[PDB]
Amino acid sequence: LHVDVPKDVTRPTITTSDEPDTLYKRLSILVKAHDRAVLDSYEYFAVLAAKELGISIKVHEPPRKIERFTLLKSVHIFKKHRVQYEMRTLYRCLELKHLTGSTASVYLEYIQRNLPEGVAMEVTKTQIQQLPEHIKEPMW
Amino acid sequence: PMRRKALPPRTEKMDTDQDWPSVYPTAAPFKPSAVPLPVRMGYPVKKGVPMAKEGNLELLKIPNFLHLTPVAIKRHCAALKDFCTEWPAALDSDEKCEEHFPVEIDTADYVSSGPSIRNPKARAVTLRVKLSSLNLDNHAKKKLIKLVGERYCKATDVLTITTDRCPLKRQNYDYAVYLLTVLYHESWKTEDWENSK
Amino acid sequence: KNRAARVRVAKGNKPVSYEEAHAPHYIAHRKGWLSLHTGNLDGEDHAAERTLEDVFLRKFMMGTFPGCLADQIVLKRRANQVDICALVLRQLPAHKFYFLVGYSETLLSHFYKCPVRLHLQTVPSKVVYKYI
Amino acid sequence: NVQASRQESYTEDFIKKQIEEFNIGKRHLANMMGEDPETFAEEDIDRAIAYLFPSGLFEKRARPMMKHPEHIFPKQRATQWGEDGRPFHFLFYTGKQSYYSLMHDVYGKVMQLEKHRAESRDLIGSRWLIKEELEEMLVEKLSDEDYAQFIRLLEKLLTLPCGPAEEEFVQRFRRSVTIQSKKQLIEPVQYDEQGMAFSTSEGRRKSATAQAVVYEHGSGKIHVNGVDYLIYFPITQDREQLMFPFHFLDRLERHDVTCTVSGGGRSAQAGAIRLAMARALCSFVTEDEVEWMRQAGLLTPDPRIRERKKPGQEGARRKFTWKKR
Amino acid sequence: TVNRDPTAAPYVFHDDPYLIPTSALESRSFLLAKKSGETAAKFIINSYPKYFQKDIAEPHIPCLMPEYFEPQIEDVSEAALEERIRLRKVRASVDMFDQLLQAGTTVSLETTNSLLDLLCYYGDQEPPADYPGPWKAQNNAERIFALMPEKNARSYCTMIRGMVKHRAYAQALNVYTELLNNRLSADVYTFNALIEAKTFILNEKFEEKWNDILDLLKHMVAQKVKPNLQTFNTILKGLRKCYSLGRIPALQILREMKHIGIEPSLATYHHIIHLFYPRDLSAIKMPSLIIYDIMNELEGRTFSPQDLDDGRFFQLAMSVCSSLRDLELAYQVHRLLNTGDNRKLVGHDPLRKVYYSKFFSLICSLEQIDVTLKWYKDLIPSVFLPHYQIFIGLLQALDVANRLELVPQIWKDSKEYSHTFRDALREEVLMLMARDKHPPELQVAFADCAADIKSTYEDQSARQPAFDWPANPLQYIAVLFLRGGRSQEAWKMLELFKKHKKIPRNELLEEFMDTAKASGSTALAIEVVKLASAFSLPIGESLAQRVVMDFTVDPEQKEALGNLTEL
Amino acid sequence: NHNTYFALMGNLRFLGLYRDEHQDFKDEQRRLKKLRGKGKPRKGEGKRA
Amino acid sequence: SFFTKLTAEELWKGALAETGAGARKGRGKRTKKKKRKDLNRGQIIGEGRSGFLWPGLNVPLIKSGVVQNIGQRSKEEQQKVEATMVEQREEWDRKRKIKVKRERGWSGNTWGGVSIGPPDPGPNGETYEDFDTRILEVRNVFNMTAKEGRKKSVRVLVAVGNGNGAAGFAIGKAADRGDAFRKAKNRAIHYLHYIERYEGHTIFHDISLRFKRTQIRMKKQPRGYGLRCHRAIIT
Amino acid sequence: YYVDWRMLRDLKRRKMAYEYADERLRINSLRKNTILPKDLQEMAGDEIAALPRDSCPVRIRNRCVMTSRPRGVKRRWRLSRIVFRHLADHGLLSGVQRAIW
RNA sequence: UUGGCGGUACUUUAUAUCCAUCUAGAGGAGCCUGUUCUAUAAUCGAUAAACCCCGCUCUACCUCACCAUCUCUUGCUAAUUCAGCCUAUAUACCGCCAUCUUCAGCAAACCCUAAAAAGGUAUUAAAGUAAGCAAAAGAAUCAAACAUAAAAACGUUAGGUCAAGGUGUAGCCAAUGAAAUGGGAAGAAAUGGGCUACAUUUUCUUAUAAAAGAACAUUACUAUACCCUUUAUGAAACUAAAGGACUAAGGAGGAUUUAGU
Ligand SMILES: [K+]
Ligand SMILES: [K+]
Ligand SMILES: [Mg+2]
Ligand SMILES: [Mg+2]
Ligand SMILES: [Mg+2]
Ligand SMILES: [Mg+2]
Ligand SMILES: [Mg+2]
Ligand SMILES: [Mg+2]
Ligand SMILES: [Mg+2]
Ligand SMILES: [Mg+2]
Ligand SMILES: [Mg+2]
Ligand SMILES: [Mg+2]
Ligand SMILES: [Mg+2]
Ligand SMILES: [Mg+2]
Ligand SMILES: [Mg+2]
Ligand SMILES: [Mg+2]
Ligand SMILES: [Mg+2]
Ligand SMILES: [Mg+2]
Ligand SMILES: [Mg+2]
Ligand SMILES: [Mg+2]
């Protein structure tokens, strides 16, 4: 828009509660896809998004898995003649560190809502909390 | 009854200094009439060039990132900063975290495509605590290590409690915390039969 | 001789699209997949239900747009959203397409209990990759 | 009466429009990616297209492309005659006006040199351009006999006395030959906390992988996976394989090796260590010796690996019994 | 973060060149066809529910399940009547209520009130629906009200509201009198309906009528009932009848609204504007200034739906700006529309196109051409597809700014919006282009535009059996061809004056002659004489003599020219 | 649910919102076969009494 | 089941048995052969046996300024629309059998003497509408091949002329008869003799000749004598 | 309509095994142990036998959902080898390709 | 004249292949399994090369399509004088394949011939030419190469498959359709493939394939048979596994033949 621009855009209401926040020591995001190029583009979007919000991120590529199975090519007899099929799974692991519970929800929503078709995520949150108050003091 | 005629593509009216994020606000399929790029895709025929964007099923088959561009992502995260909260500065190291927060609770989420959001693996929870963090007498630590069996790792001195028996994650989480309390309190208790070791 | 999904040679007068020209061994090499979901990835469930839904969704669109489909449809699943991307010939009047889009979306959203959207790109005529 | 799509020959106005659309495309692609249009380059274009249109097709000719029209559109021979219909070139009716125009020039040069009347190896390590390269220069298609005749005529030119004009001419049809360097790449020499020198190298035999850490000074103490080599390798043939690198260079009892081999069987693990030690031992030997090792098989990775089984037959090559008739 | 895409149609419309609405009629037709397809699917889903019953969605989605609207409770009990009332069936509920009375089974007063609510609100008529109303003295609602053994305040109140909704003002007032005699107390909603009744009724004396409505307000304080926003909005909407005498009363209400603590909404200002700025206002000499104060009051505020006339405000505010010819005020009104999410209260289809049409027309008239083109690209087509008169205003603005080089471009845009065959627009484009002389490059560009507008006339002629080429377009298209290196085409167009029997103008005839002199073609010069003879124009003879002196005529030409001179 | 698919699509074909090329093919083969006199006999009136 | 239903293209391909082996080797005395039909020819989108009326699909979306709603035709009205469609369906079928007569040649079952039209336009739009083509012989010769055994080609002899002195002949061979007609017709236009006619109706003098073992004895005749010659010579 | 009468019988077998799953579990639990008197186990051995034969879950056969083929089916997609190859060879299965290696 | 043939010559030749060369096998013994035959009240199809652990990555009921007995007649669907049919024809077909084959050709548009049934090359060139499919290239086995896979046109064998599904023609419709219960046997006879053993480069035990201690011909080597127990799955053991005994035959297999670079 050249001349016609919003004046005071409405922004969502964020209210700070009195409950303490979760503390995630680690947060591993394992994305899976049949296509390597899609993971490269998603890895760029996720690393850029993390860096813009202040999150610390690292990336590595777990070894790919190829599952192969054999089928019978003909409809009837001709046993020795087969057709083989495979499904390839490729992985990109985004290991985040030192996240509060509010930072991990907004980030995961933003990147989960933009998860391309054919891509599956496996978030593995690792929370750190104090000891139970009963355990803190031995009681007989 | 004259046939309807298609308008010229709107890319023709697009300036080179436009606000592209506005053109592709959200994930959409590739629209050759809205993408102002002479992109070509397709294995070319001999003495031929790759196919053009209009009527290109291959470009439609791609999960494009037009909505997610470096300009959009930076403008998006600028809005999303208000949501984030600051990590406590004091916990600048992993060792510092173990001192004040010795208990590590592992929970897993799964995101897939389908009508149902249910995955059986989301109920499982895993608690990890180091016995050094627990206040254990020489008697207690030996009793704690014998009861837990293979859950304790001598090399790392970490006790691992994995709870998936309960249906929900809030139940499995509360159960592992319960298992720790009983094991700790039981370890301190001394039974008469223990003197016969 | 192999017959699967192979449009055979005649006398150089048979138009074939890019999708039809390429035999099965070019899948993942020269041409991609028409459906993209997460159900065939490793350690994923509900492959059978995604595959059955696709078979129906393709027969539904063929009958609902009889003679108006220039090429096979592309199905894209994100979260619980379904997206159908079809190349459609410009045969029908414009207002008729608006009727069939509203109808096909509402009907398939109340049948599979997911949000279904239809994306139509109109071509002047079928695009010919090569004459074989 | 054949009805197939004709060649869509590209006129100059067509390609000119394809270059204006590309020039407007770059300004849009630059605006999308937030880069400066003036400096945006072909390399940046390919990177931007790969992000915005991720494709995982194995063949890269089938992937999305936004290239300058010159790269994609095949450059075609233009019209060979004017509006009046008179061909532009006097050799038009031969059908190979460019091949025969070149054979006309070289035959006229040969005649002047022969009429008018030193070492001919002005250029060394060069080859004659291949037929595919010549065809591109002439912008037309040649036969094998057409290529062979062109070379025989060019060879005759070199035989004769050649002024600097001839040498420059034949040069245009000579392509520089690059002789691949089949020589070993020496490893670095790191230093330990104690200060001893040592080099490291990896080795792979079958499915086994090894990481040796040869030390410059030692008494011949080889430890595999924190164990001695007599204990780890109870078979003589495996120990002999570890002896080959040092024995060959008469360096037995002069180095201390620490190995870490994981994967494979007993023989594949000894072979993997042998290569890893030979590559690490390169840093402590003269270049003449490194070539001596290469010519003895010590530095070449063995490519022989287990072959896959094929459906319809007993083994990788073993076929099911042909049933009696 | 994202803003409106200026080069795209509204998101509702399908993003394909074949499927983009060219005209405003197609915009409504395309959406109505979409709504029709949605209703065709909902009909099938609600008529064959057994095929739409398997639920595979976790979490469960209630809004994607088949609906059931017919009562499934067969037994005749107070509970069964309550179900029908919940489903809002009017006739079935009356039958089961009467059957319950026939048996004599007890019915709760609250349940009997739920029946009256349904009957009173729908006025005894089944709810309107699509598938393959004054108050009636003898009706179920009034009958059931009498049969009621025990009455409560709500029962009377429901009758008063339903009567007023269905234009039973006189009866509703009588029912209220009964409520007072029973010593019951009404609610705010009932007081609002009663005020709506006194206003709609025509009272001979306004002073009496106004004092009556105030009496209803005074009884709202006696009964400890506090007014709401709708109460004041209802009073102001009634006052719009008496523009002259409602000004002082109307302002007093708004001051009382703030003191009470009720916040004026967009609807409340919509009514004050109507009352102070009449559309049929003869006294335009000295208009009121209240509109300026209102916009200052609402500057930067965000508004939400709180009344049924909130949408009307913006369309009315822009209209008042156009009447006053104040473009500064128009920016304030549009600026308010952009704050927050005020855009949602612009109006519906009838009022959305009036606001922007009024807005853009004011911009073109009173704004610099440079800015006028910025607004043009933003609003069109993204916001609204304009009618042809909008383009005539834009072309006139270009003429006033001495920037006619853009007139060809405006034509190309007009063709997308279904103005290709508009006679009024085509006559304006050619007129401005050919009104005065121009440099050679500009004339060549105008000639190409003139050629395109000629094809529209040509194609229309071929398709239609009976076609008339209007005289003025013929002159403009011919002049432009001569001036822009298309003289050969202009000579062919000279014959079209005779084919359609249009009288060539004196200016055009002499222009053709001037070009002929430069060309030096006597033959072409005589061609002009031929057409002049056809229409018996007096100047034709003078033109023939002019040719005699301009060019050397061959003896054959002398005989041919002499014949035409005689003719 | 093979009954839901077959019944639902059949109802849509009768409402004019779906076109079954397979059914239209079979419907015309029955029409031609009946004209040839090879149509389905009525129940209880078969060749065998 | 709804999932065992195939498309029309696949149904007709199988039922017609065109690609089947038997047809390729010509092992049937073709008769009563199935004829392909398009079933979507007269079907309008939005029209069903139940007769429902769908605004925006099969009926006007707005009528006389009123936004239409869903409706259904009465049993009588639907029986009329159904009847009208049957009439159109039958009308097309009768037209399929209707044909336009073409003059026979020397005999009813022979190609000799049959006009096949003018030759095709030339390289630079050189039309030959003034030329007529006639067939003089159609032969089914055979070449024995290892792959195909007896293989058959169509050898056609044609003559062309403009009726004004210019005429020519050529032979065209192909595997398909239609192709042999095109090859011979366009080849003969490249071999146009010009024949001298006395006064435009006869030869200048008697002509006796032997070509190989064929003898021809032509005689010049007066006007009104007509052509009294071999049928090929008359053509 | 299901593909054939064999698929119809299987569907009923699958719907009657679901109804009798809890019952056949509770009764069969009394038999799969050594802690209860053998008289009770012999009586539970007959209560399970008396249940209808179609409740028995070993009488279910996995058939191609589209062609009702009893053998050749792939359990992950519930399709026969012939039907699977038609969808895979046309690019209609998401991520399935031919195996070249 | 073309093709096919020749106990007609003269040259190339095959690359785990025609001969020679090399290694381990089949052919003999015992078992497992297919087929044929016999045979049963009791499926079907494949059945030289290109069937014979083949459709089955699989039959106790189910599966099942077979036999016997009993039963149902608008009998899965929204509607239908309709539903349904594993009924006949793969010699009506689609679909999906085998085979020559990793063979080098196929088809189409032109052009030429003292006529052409056909044929159309010479490179120091003499009538052939310009494009498609196959091959090639490319991609896959996640550096590189090689290799392996994949790929392989048009035709040949009316090759295989109406029983994957669909479908043309003909046939059944109180039955050739639907459902229930119980059965679907048997060889030991020929033959195909496989497994195991016949041992000393072996047998058992601990380790780990290093080394050591025993065993080593009458029962030593040596049964995945029969039989006898226990366990697993199941409602059902008729199935599988693990032990126990019990032993038989087997002493490196005629003609001939399979595979491997
Ligand atoms: K076949
Ligand atoms: K046997
Ligand atoms: Mg082997
Ligand atoms: Mg006859
Ligand atoms: Mg059937
Ligand atoms: Mg089973
Ligand atoms: Mg051999
Ligand atoms: Mg044997
Ligand atoms: Mg057979
Ligand atoms: Mg059975
Ligand atoms: Mg049975
Ligand atoms: Mg039967
Ligand atoms: Mg056959
Ligand atoms: Mg290849
Ligand atoms: Mg046969
Ligand atoms: Mg059948
Ligand atoms: Mg059969
Ligand atoms: Mg040993
Ligand atoms: Mg023994
Ligand atoms: Mg048991």
# chains A, B, ... in the order shown; residues from 1 in each chain; ligands from 1
>>> residues_around(residues="segment 389-391 of chain E", least_positions_apart="4", cutoff="10 Å", atoms="only C-alpha atoms (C1' of nucleotides)", output="PyMOL selection string")
chain E and resi 357-358+360-361+364+385+395-397+410-411+413-414+419+424-425+428-429
>>> residues_near_ligand(ligand="ligand 11", cutoff="9 Å", atoms="only C-alpha atoms (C1' of nucleotides) and all ligand atoms", output="PDB file with N, CA and C atoms (P, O5', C5', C4', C3', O3' and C1' of nucleotides), in the first residue's frame")
ATOM      1  P     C I  61      -9.185 -75.382   8.037  1.00  0.00           P
ATOM      2  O5'   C I  61     -10.310 -74.888   9.044  1.00  0.00           O
ATOM      3  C5'   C I  61     -11.274 -75.793   9.558  1.00  0.00           C
ATOM      4  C4'   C I  61     -12.252 -75.084  10.453  1.00  0.00           C
ATOM      5  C3'   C I  61     -12.827 -73.789   9.899  1.00  0.00           C
ATOM      6  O3'   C I  61     -13.915 -73.997   9.016  1.00  0.00           O
ATOM      7  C1'   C I  61     -12.061 -73.423  12.095  1.00  0.00           C
ATOM      8  P     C I  62     -13.827 -73.495   7.494  1.00  0.00           P
ATOM      9  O5'   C I  62     -13.580 -71.927   7.619  1.00  0.00           O
ATOM     10  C5'   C I  62     -14.548 -71.082   8.222  1.00  0.00           C
ATOM     11  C4'   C I  62     -13.949 -69.763   8.636  1.00  0.00           C
ATOM     12  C3'   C I  62     -13.412 -68.887   7.515  1.00  0.00           C
ATOM     13  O3'   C I  62     -14.425 -68.138   6.867  1.00  0.00           O
ATOM     14  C1'   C I  62     -11.828 -68.991   9.268  1.00  0.00           C
ATOM     15  P     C I  64     -10.893 -66.835   0.507  1.00  0.00           P
ATOM     16  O5'   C I  64     -12.099 -67.870   0.519  1.00  0.00           O
ATOM     17  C5'   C I  64     -12.757 -68.237  -0.688  1.00  0.00           C
ATOM     18  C4'   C I  64     -13.570 -69.497  -0.526  1.00  0.00           C
ATOM     19  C3'   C I  64     -14.354 -69.610   0.776  1.00  0.00           C
ATOM     20  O3'   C I  64     -15.567 -70.324   0.540  1.00  0.00           O
ATOM     21  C1'   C I  64     -12.823 -71.397   0.628  1.00  0.00           C
ATOM     22  P     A I 180     -22.151 -68.407   7.319  1.00  0.00           P
ATOM     23  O5'   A I 180     -22.739 -69.653   8.117  1.00  0.00           O
ATOM     24  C5'   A I 180     -23.527 -69.467   9.283  1.00  0.00           C
ATOM     25  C4'   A I 180     -24.186 -70.750   9.719  1.00  0.00           C
ATOM     26  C3'   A I 180     -23.258 -71.932   9.952  1.00  0.00           C
ATOM     27  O3'   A I 180     -22.623 -71.892  11.218  1.00  0.00           O
ATOM     28  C1'   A I 180     -25.113 -72.626   8.661  1.00  0.00           C
ATOM     29  P     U I 181     -21.113 -72.414  11.388  1.00  0.00           P
ATOM     30  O5'   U I 181     -21.251 -74.001  11.426  1.00  0.00           O
ATOM     31  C5'   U I 181     -21.908 -74.649  12.505  1.00  0.00           C
ATOM     32  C4'   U I 181     -22.228 -76.084  12.179  1.00  0.00           C
ATOM     33  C3'   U I 181     -21.047 -76.974  11.828  1.00  0.00           C
ATOM     34  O3'   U I 181     -20.337 -77.434  12.964  1.00  0.00           O
ATOM     35  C1'   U I 181     -22.774 -77.310  10.256  1.00  0.00           C
ATOM     36  P     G I 182     -18.736 -77.557  12.923  1.00  0.00           P
ATOM     37  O5'   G I 182     -18.475 -78.918  12.141  1.00  0.00           O
ATOM     38  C5'   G I 182     -18.988 -80.148  12.631  1.00  0.00           C
ATOM     39  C4'   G I 182     -18.964 -81.222  11.572  1.00  0.00           C
ATOM     40  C3'   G I 182     -17.628 -81.460  10.891  1.00  0.00           C
ATOM     41  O3'   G I 182     -16.747 -82.264  11.656  1.00  0.00           O
ATOM     42  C1'   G I 182     -19.337 -81.344   9.261  1.00  0.00           C
ATOM     43  P     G I 183     -15.225 -82.462  11.184  1.00  0.00           P
ATOM     44  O5'   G I 183     -15.343 -83.419   9.916  1.00  0.00           O
ATOM     45  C5'   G I 183     -14.239 -83.619   9.050  1.00  0.00           C
ATOM     46  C4'   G I 183     -14.687 -84.046   7.676  1.00  0.00           C
ATOM     47  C3'   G I 183     -13.664 -83.871   6.567  1.00  0.00           C
ATOM     48  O3'   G I 183     -12.721 -84.924   6.508  1.00  0.00           O
ATOM     49  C1'   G I 183     -15.718 -82.958   5.870  1.00  0.00           C
TER      50        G I 183
END
>>> residues_around(residues="segment 213-226 of chain G", least_positions_apart="5", cutoff="8 Å", atoms="only C-alpha atoms (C1' of nucleotides)", output="CSV table (one decimal) with N, CA, C and O atoms, in the first residue's frame")
chain,number,residue,atom,x,y,z
G,201,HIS,N,-10.1,-30.4,-78.4
G,201,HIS,CA,-11.0,-31.6,-78.3
G,201,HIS,C,-10.4,-32.9,-78.7
G,201,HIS,O,-11.0,-33.9,-78.5
G,202,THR,N,-9.3,-32.9,-79.4
G,202,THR,CA,-8.8,-34.2,-80.0
G,202,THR,C,-7.3,-34.1,-80.2
G,202,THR,O,-6.7,-33.0,-80.1
G,203,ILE,N,-6.7,-35.2,-80.5
G,203,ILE,CA,-5.2,-35.3,-80.8
G,203,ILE,C,-5.0,-34.8,-82.2
G,203,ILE,O,-5.9,-34.8,-83.0
G,204,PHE,N,-3.7,-34.3,-82.4
G,204,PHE,CA,-3.4,-33.7,-83.7
G,204,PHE,C,-3.3,-34.7,-84.8
G,204,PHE,O,-3.5,-34.3,-86.0
G,205,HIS,N,-3.1,-36.0,-84.5
G,205,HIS,CA,-3.0,-37.0,-85.6
G,205,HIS,C,-3.0,-38.4,-84.9
G,205,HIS,O,-3.0,-38.5,-83.7
G,206,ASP,N,-3.2,-39.4,-85.8
G,206,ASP,CA,-3.2,-40.8,-85.3
G,206,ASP,C,-1.9,-41.1,-84.6
G,206,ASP,O,-0.9,-40.6,-84.9
G,207,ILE,N,-2.0,-41.9,-83.5
G,207,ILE,CA,-0.9,-42.3,-82.7
G,207,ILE,C,-0.9,-43.8,-82.5
G,207,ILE,O,-1.8,-44.3,-81.9
G,208,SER,N,0.1,-44.5,-83.0
G,208,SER,CA,0.3,-45.9,-82.8
G,208,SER,C,1.6,-46.1,-82.1
G,208,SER,O,2.7,-45.6,-82.6
>>> interface_residues(of="chain F", to="chain E", cutoff="12 Å", atoms="only C-alpha atoms", output="number ranges by chain")
F: 1-12, 14-17
>>> residues_near_ligand(ligand="ligand 7", cutoff="9 Å", atoms="only C-alpha atoms (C1' of nucleotides) and all ligand atoms", output="list in words")
residues 16, 17, 258 and 259 of chain I
>>> write_last_selection(atoms="C-alpha atoms (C1' of nucleotides)", output="PDB file, in the first residue's frame")
ATOM      1  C1'   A I  16      30.433 -67.686 -16.304  1.00  0.00           C
ATOM      2  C1'   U I  17      30.010 -69.170 -22.362  1.00  0.00           C
ATOM      3  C1'   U I 258      23.083 -76.661 -12.541  1.00  0.00           C
ATOM      4  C1'   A I 259      25.675 -72.186 -10.932  1.00  0.00           C
TER       5        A I 259
END
>>> atom_distance(atom1="atom CA of residue 279 of chain E", atom2="atom CA of residue 316 of chain E")
9.8 Å
>>> select_by_dssp(residues="segment 102-318 of chain D", states="alpha helix (DSSP H)", output="PyMOL selection string")
chain D and resi 102-116+131-138+144-159+164-172+229-232+236-248+266-280+287-294
>>> select_by_dssp(residues="segment 70-241 of chain D", states="strand (DSSP E or B)", output="number ranges by chain")
D: 81, 87, 126-128, 174-176, 190-191, 197-205, 208-215, 222-224, 227-228
>>> residues_around(residues="residue 156 of chain D", least_positions_apart="4", cutoff="12 Å", atoms="only C-alpha atoms (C1' of nucleotides)", output="ChimeraX atom specification")
/D:106-107,109-111,113-114,120,149-152,160-162,166,170
>>> closest_residue(among="I:167, I:202, I:148, I:239", to="chain D", atoms="only C-alpha atoms (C1' of nucleotides)")
I:148
>>> residues_around(residues="residue 74 of chain B", least_positions_apart="5", cutoff="12 Å", atoms="only C-alpha atoms (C1' of nucleotides)", output="ChimeraX atom specification")
/A:45-53 /B:21,68-69,79-81 /D:33-34 /E:1
>>> write_last_selection(atoms="N, CA, C and O atoms", output="compact mmCIF listing (two decimals), in the first residue's frame")
# COMPACT_ATOMS: atom_id res chain seq x y z
N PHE A 45 14.57 -21.60 7.95
CA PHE A 45 13.50 -20.82 8.56
C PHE A 45 13.52 -20.96 10.07
O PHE A 45 13.27 -19.98 10.79
N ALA A 46 13.83 -22.15 10.58
CA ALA A 46 13.80 -22.37 12.02
C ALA A 46 15.02 -21.76 12.70
O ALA A 46 14.89 -21.18 13.79
N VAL A 47 16.20 -21.86 12.09
CA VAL A 47 17.39 -21.27 12.68
C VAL A 47 17.30 -19.75 12.64
O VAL A 47 17.69 -19.07 13.60
N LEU A 48 16.80 -19.19 11.54
CA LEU A 48 16.63 -17.74 11.47
C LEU A 48 15.60 -17.26 12.47
O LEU A 48 15.78 -16.22 13.11
N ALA A 49 14.51 -18.01 12.63
CA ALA A 49 13.47 -17.61 13.58
C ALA A 49 13.98 -17.67 15.01
O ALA A 49 13.69 -16.78 15.81
N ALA A 50 14.74 -18.71 15.35
CA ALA A 50 15.29 -18.83 16.69
C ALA A 50 16.24 -17.68 17.00
O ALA A 50 16.17 -17.07 18.07
N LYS A 51 17.13 -17.36 16.06
CA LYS A 51 18.10 -16.30 16.28
C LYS A 51 17.43 -14.95 16.46
O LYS A 51 17.96 -14.09 17.17
N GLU A 52 16.27 -14.74 15.84
CA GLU A 52 15.58 -13.46 15.93
C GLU A 52 14.85 -13.29 17.26
O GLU A 52 14.58 -12.15 17.66
N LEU A 53 14.53 -14.38 17.95
CA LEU A 53 13.87 -14.33 19.25
C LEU A 53 14.85 -14.47 20.41
O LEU A 53 14.43 -14.40 21.56
N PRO B 21 5.62 -9.77 1.58
CA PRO B 21 4.89 -10.49 2.64
C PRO B 21 3.39 -10.34 2.54
O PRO B 21 2.65 -11.29 2.85
N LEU B 68 7.23 -17.69 3.73
CA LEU B 68 8.33 -17.57 4.69
C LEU B 68 9.57 -17.07 3.95
O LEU B 68 10.34 -17.86 3.40
N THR B 69 9.77 -15.76 3.95
CA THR B 69 10.92 -15.12 3.35
C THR B 69 11.71 -14.40 4.43
O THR B 69 11.17 -14.05 5.48
N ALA B 79 7.05 -9.26 16.11
CA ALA B 79 5.79 -9.27 16.84
C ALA B 79 5.80 -10.32 17.95
O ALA B 79 5.24 -10.10 19.02
N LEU B 80 6.43 -11.47 17.70
CA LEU B 80 6.43 -12.58 18.64
C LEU B 80 7.37 -12.37 19.82
O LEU B 80 7.42 -13.23 20.70
N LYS B 81 8.12 -11.27 19.85
CA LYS B 81 9.03 -11.04 20.97
C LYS B 81 8.28 -10.73 22.26
O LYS B 81 8.77 -11.07 23.35
N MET D 33 13.90 -11.57 -1.19
CA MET D 33 14.94 -12.03 -0.29
C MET D 33 15.61 -10.90 0.48
O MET D 33 16.55 -11.16 1.24
N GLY D 34 15.17 -9.66 0.29
CA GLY D 34 15.70 -8.55 1.06
C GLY D 34 17.11 -8.15 0.69
O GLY D 34 17.80 -7.52 1.51
N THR E 1 1.16 -8.08 11.07
CA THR E 1 2.31 -7.71 10.26
C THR E 1 1.92 -7.45 8.81
O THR E 1 2.35 -6.46 8.21
>>> residues_near_ligand(ligand="ligand 9", cutoff="12 Å", atoms="only C-alpha atoms (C1' of nucleotides) and all ligand atoms", output="PyMOL selection string")
(chain A and resi 76) or (chain I and resi 44-47+51+89-91+159-162)
>>> residues_around(residues="segment 35-38 of chain F", least_positions_apart="4", cutoff="12 Å", atoms="only C-alpha atoms (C1' of nucleotides)", output="VMD selection string")
(chain F and resid 28 to 31) or (chain I and resid 169 to 171)
>>> residues_near_ligand(ligand="ligand 2", cutoff="9 Å", atoms="only C-alpha atoms (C1' of nucleotides) and all ligand atoms", output="list in words")
residues 33, 34, 35, 191 and 192 of chain I
>>> residues_near_ligand(ligand="ligand 16", cutoff="9 Å", atoms="only C-alpha atoms (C1' of nucleotides) and all ligand atoms", output="PyMOL selection string")
chain I and resi 85-86+162-163+165-166
